Amino acid sequence: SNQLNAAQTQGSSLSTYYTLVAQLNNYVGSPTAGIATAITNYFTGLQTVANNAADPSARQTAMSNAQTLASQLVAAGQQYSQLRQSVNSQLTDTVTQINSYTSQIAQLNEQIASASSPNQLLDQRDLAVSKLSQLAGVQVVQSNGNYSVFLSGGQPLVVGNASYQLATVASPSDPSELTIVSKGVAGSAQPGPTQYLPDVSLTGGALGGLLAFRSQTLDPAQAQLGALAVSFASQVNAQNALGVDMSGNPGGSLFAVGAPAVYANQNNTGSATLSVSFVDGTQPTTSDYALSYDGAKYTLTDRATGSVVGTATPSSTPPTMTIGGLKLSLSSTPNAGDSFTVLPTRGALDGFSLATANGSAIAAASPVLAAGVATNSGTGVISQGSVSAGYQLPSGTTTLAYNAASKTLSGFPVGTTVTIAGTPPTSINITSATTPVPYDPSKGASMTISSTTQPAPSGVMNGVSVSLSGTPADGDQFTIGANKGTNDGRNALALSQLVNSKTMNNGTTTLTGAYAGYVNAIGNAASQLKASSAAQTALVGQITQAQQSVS
């Protein structure tokens, strides 16, 4: 009966989904262990460097921590792709069995009708339908004693004494994933245009369980874990670039990842190509997307939920746009109906690596040093200074001098703008060595020195911050210049504190906090599916026993 069929197919779907997510969950483990622990350990390793900035051993240990993390992230990429391929193989096996059963049912339709021209054939056919519903959601309908059989979505499988063949082929939106198609009636000369059955329509049975696991658990999980890798690499790289190495040279990258993955949908009629980057690599996207064009606008859709994330109507040629954290660039305007799969973070794991394993490449020192001049007689105290993205240090020493009569500092570099923090902050354009900046000893001053012209022309001080407190005497001086600097660890300290940065979920969660969410999504799915599956399998068992006991 169609009631048992529906219940059975839901049960097979749930148990298939459960088995797969349970496998993933067992693999991923604790939300506060594994990769989260490797990340924590990497940053605490850099704290050790911060206190021993010249020590070769501390740097070697830090690099071993990096290698440990990379090993886990890369192995994670392999596990996700292995599961993804396991789904591919099971989809194909499932389709082979489906074709076997549909052919059997068509054969039985003919054999039964020929006999009525046989209770045992009636049974063989019913058992076939049973077996079939465990593989896919099917609905049967009577017709002159025949069984017509249809996929829940409408696709015929059996019509009288003919059957339809399904196949797996590479999906038009993602060639790493197989999708189900119909090739028309079985045995045909030149099968008519291959019909792409939408994953979402293919509910029930092993089919539906496989597909739901893939789109709702597996692919999101890899996108999320990939996003952590990208954010980690981007943050560490950006902070290392703010320090100097053992040779006093600017830090370079410590980690690298591959670029986003983009597929032109196989249904495309235009010839445009798409490339994608992050607006901010430290805050990457966490899902999978499709960019589609309808002849007037571009839409970015989340592939897991189907929800629109944003639209764009660029006028640029060639077309460039920004949507939902992504910079999207096309070589030309696509045709209406064209689509591109955009996977910004799935592949980050497979390419994750140390850009260098040389411990000397860790830029532990600050590039800048601010200092009180030793002849000062007052109580002025300046911080050691710090730099931000795109800082520049002129070749010479900058010497600030305090004038007690006017209570001002001067000696700033020409062409800079000095911003004093406050509520609100105030800014002063420096136009000569004597341009004064107000200083209140009762309040002190936190100052940022930026190039007035942006971006900064060569040789102009930019991105330098210093704080002054206390009461300088008249003529007291404070210098700002390149750090030297051989065992300074201010930047290693900054690197180590990246562990507390909130770069995920719109600036609300840390890397390890985001890792815990990624694990818990999998864990929560598994525990719910365990109960849902147990309940449904039990019920299917009961309906089966009921049917086996009828008159």
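What is reported rests on the model, the rules as stated and the sources as named; these are not laboratory values. Positions of Cβ are backbone-derived with ideal geometry, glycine not excepted, and every protein chain shown enters the neighbour counts.
The table for this structure:
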| item | result |
| --- | --- |
| Filtered residue count, the range 20-40, keeping only those that are in a helix (DSSP H, G or I) and buried (at least 16 other Cβ atoms within 10 Å of the Cβ) | 12 |
| Residue list for the range 1-19, filter: of a type in the set (S, T, N, Q) and assigned to a helix (DSSP H, G or I) | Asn2, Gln3, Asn5, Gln8, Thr9, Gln10, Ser12, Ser13, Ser15, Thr16, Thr19 |
| Where a residue in the range 408-434 is within 12 Å of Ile449 (Cβ to Cβ) and not assigned by CATH to the domain that holds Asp474 and its partner, wherever it lies, is of a type outside the set (A, V, I, L, M, F, W, C) and in a loop (DSSP other than H, G, I, E, B), with Cβ under 9 Å and at least six apart | none |
| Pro334, sole failed condition from (1) under 26 Å from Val257 (Cβ atoms); (2) not assigned by CATH to the domain that holds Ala76 | (1) |
| Top-ranked residue in the range 114-131 [being of a type in the set (D, E, K, R) and surrounded by 15 or more Cβ atoms within 10 Å (Cβ to Cβ); ranked as farthest from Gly11 (Cα to Cα)] | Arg125 |
| Test for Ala62: is it out of contact with any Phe, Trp or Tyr (no Cβ under 6 Å at 6 or more places or on another chain) and either closer than 30 Å to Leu166 by Cα or surrounded by fewer than 20 Cβ atoms within 10 Å (Cβ to Cβ) (or both) | no |
| Single residue of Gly270, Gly258 found to be touching a helix residue (DSSP H, G or I) at 6+ places or on another chain (Cβ under 6 Å) and surrounded by fewer than 19 Cβ atoms within 10 Å (Cβ to Cβ) | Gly258 |
| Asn265 being surrounded by 18 or more Cβ atoms within 10 Å (Cβ to Cβ) and either on the phi < 0 side of the Ramachandran plot or not hydrophobic (A, V, I, L, M, F, W, C) (or both) | yes |
| Residue within the range 86-100 that is of a type outside the set (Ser, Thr, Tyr), in contact with an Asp or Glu (Cβ under 8 Å, 6 or more places away or on another chain), in the same structural domain as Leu4 (by CATH) and assigned to a helix (DSSP H, G or I) present | yes |
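The rows are residues; the columns are (1) of a type in the set (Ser, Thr, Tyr); (2) closer than 22 Å to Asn5 by Cα; (3) in contact with a helix residue (DSSP H, G or I) (Cβ under 9 Å, 6 or more places away or on another chain).
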site: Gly154; (1), (2), (3): no, yes, yes
site: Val158; (1), (2), (3): no, yes, yes
site: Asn161; (1), (2), (3): no, yes, yes
site: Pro172; (1), (2), (3): no, no, no
site: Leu178; (1), (2), (3): no, no, yes
site: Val185; (1), (2), (3): no, no, no
site: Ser188; (1), (2), (3): yes, no, no
site: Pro191; (1), (2), (3): no, no, no
